[PDB]
Amino acid sequence: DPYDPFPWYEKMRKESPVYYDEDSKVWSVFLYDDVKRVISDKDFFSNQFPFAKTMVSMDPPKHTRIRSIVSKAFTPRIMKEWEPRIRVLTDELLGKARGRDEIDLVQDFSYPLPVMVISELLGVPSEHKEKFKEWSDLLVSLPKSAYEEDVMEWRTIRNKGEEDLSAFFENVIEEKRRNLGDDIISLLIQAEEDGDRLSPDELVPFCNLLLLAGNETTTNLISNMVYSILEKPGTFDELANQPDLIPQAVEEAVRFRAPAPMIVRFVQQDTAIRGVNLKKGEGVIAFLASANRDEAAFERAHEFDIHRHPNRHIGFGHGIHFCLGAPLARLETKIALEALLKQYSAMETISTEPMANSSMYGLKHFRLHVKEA
Ligand code: HEM
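These lines cover the structure that appears in this document, whether it is placed above or below. (Residues numbered from 1 in each chain as written, not as in the entry; some residues may be left out. Heavy atoms only, no water.)

What follows is about the coordination of the iron atom of the ligand. Its sole protein donor being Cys323 (SG), the iron atom of the ligand sits 2.3 Å from that atom. Within the secondary structure layout, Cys323 lies in the loop between α13 (288-291) and α14 (326-343). (Donors = N, O, S within 2.8 Å, 3.2 Å for Na, K, Ca; no water. Helix = DSSP H or I, 4+ residues; strand = E, 2+ residues; numbered from the N terminus.)

For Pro205, the location among the structural elements is in helix α10 (residues 200-231). Each C-alpha atom of the pair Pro205 and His309 lies 36 Å from the other, and the pair is 104 residues apart in sequence. Leave out the neighbours within four places in its chain, and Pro205 touches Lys53, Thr54 and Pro200. (Contact = heavy atoms within 4.5 Å.)

Another aspect to go through is the sheet that holds strand β8 (residues 283-287). One open sheet holds the 5 strands; their spatial order is β1-β2-β8-β5-β3, and the pairing between them is mixed. Two strands bound the open sheet, and with one partner strand each, they are β1 (18-21) and β3 (45-46). Pairing geometry for strand β2 (residues 26-29) and β8, over 4 bridges, is parallel. Bridge pairing in β8 places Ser28 opposite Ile285. Together, β1, β2, β3, β5 (262-267) and β8 form the strand contacts of helix α2 (residues 32-40), whose direction differs from that of β8 by roughly 125°. (Pairing = 2+ DSSP bridges. Axes fitted to C-alpha atoms, helices over the stretch in contact; angles between N-to-C directions.)

We now examine the packing of helix α6 (residues 112-122) against α14. It is the contact of α6 with α14, at a shortest axis distance of 12 Å, that shows an interaxial angle of 125°. Taken together, the axis directions place α6 and α14 in an arrangement best described as oblique. The handedness of the crossing between α6 and α14 comes out as right-handed. Here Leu113, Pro114, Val117, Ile118 and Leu121 of α6 lie close against α14, whose contacting residues are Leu328, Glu332 and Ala336. When the residues that make up the contact of α6 with α14 are grouped by side-chain class, the tally is 7 nonpolar, no polar and 1 charged. (Parallel < 35°, antiparallel > 145°, perpendicular 65-115°, else oblique. Left-handed = near helix turned anticlockwise from the far one by under 90°. Nonpolar A, V, L, I, M, F, W, Y, C, P; charged D, E, K, R; others polar.)

A complete count under the given rule lists 19 salt bridges for this structure. The closest approach of N and O atoms between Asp34 and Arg274, which form a salt bridge, is 2.5 Å. Residue classification places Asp34 among the buried positions, given a relative accessible area of 7%. Across the pair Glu252 and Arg255 runs a salt bridge whose closest N-O atoms are separated by 2.6 Å. With a gap of 3 residues between them, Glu252 and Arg255 both fall in helix α12 (residues 246-256), about one helical turn apart. Under the relative-accessibility criterion, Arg255 is labelled buried at 0%. (Salt bridge = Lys/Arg side-chain N within 4 Å of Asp/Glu carboxyl O. Buried < 20%, exposed > 50% of the residue type's maximum accessible area, 1.4 Å probe, protein only.)

What follows is about the nonpolar core. Note on soluble globular proteins: their nonpolar side chains tend to be buried together. Counting 94 residues, the largest nonpolar core has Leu122, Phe132, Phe169, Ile184 and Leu188 as the members making the most contacts within it. Ranked by residue count, the leading element in this core is α10, at 14 residues. Excluding anything up to four places from it in sequence, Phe132 contacts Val115, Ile118, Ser119, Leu122, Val124, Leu165, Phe168, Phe169 and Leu211. Counting 18 residues, the second-largest nonpolar core is a separate cluster that includes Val29, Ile273, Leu278 and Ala286. (Core = buried A, V, L, I, M, F, W, Y, C linked by side-chain atoms within 4.5 Å.)

Pairing in this open sheet of 3 strands is antiparallel, and the strands run β4-β10-β9 from one edge to the other. The sheet terminates laterally at β4 (102-104) and β9 (344-354), the two strands that pair on one side only. Adjacent strand axes in the sheet meet at a mean angle of 25°, parallel and antiparallel pairs treated alike. Relative to strand β10 (residues 363-372), β9 is paired through 9 bridges, and the arrangement is antiparallel. Bridging across to β10, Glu353 finds its partner in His365.

Below, the structure is given as structure tokens:
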């Protein structure tokens, strides 16, 4: 089963916490404390690997400047300003599924929602929604094979998709400068740090980064959360009788079934983890999914506990690169679960089809039997 790689994570935590793959010459780390240090110890583990124009591949001070500016678009105040809009979009998705006793949580809910949400939060007119989805699908696409002929064909089509989306965002930015609104692009136009503003050359890639970093991740979080709730008899009912536990259930879902299993860093200075020496220039794969299942870090790490509070997981990362969109992912996932708990008195898993992507843990299909309340 590709939806159950936890037994392997456990084998690697106890027999090879610090693993070196001779075929790829890249390190692997699986224990919570070591995964946490690799992703946060910036002085020794770097994000620069010579995505390229974005802060995800930057180290301080270049990262610090951009991070300090774009963070003004994800403040708690701004999130509350947008909570109503996310609820409307979620209600509209579920409304399209009224009068059915079987739905596919992915294709009918968890996959569409993030793309719809980020377009309305970015200020993209809703009248381009279907051409916005195509570009966003192209952005997160992967080649079917690793041979030159297949990657070359895929790269050329995503390149043209990224260029058209870039030109599309450049037009939205230009329009918002004259008619500013209540959206991310408008906020970043007027966002300023002692006179320092994001350039057009920086805003456009950043808006592509929001689609690339937020769409599938949030989709997988919602699907994995609903799956884990229905995996434990009584949790669905328990959440509907104590709705204030939903945020804690969202965090537990990021710990239990991390949508982004692994994070990459490059060794910046010679150092050692757990006694294993690592040379400058080597790649380290930090397995967040395994860190969040570490029994040395969490009590009953193999069980889904919606009462765990506070949750010290690192599914959103840790350090200066801590997920910029975590406030939005948390709010979106909370609202999605509330909308399901209110529309359905009961849900039952019929069949699941997991996503077999390396750098993503989620489901491509999640067919359910539902009962409207
Ligand atoms: C369940 C949903 C999500 C998960 C698990 C997640 C996870 C992560 C993680 C682990 C990182 C750190 C990567 C690294 O340190 O190299 C990260 C970075 C980032 N994420 Fe998220 N993310 C989620 C949703 C979102 C959303 C909804 C957005 C935006 C709309 C977003 C935008 C970003 C950005 C911009 C960064 C780069 C931060 C930086 O480099 O300073 N993510 N995400």
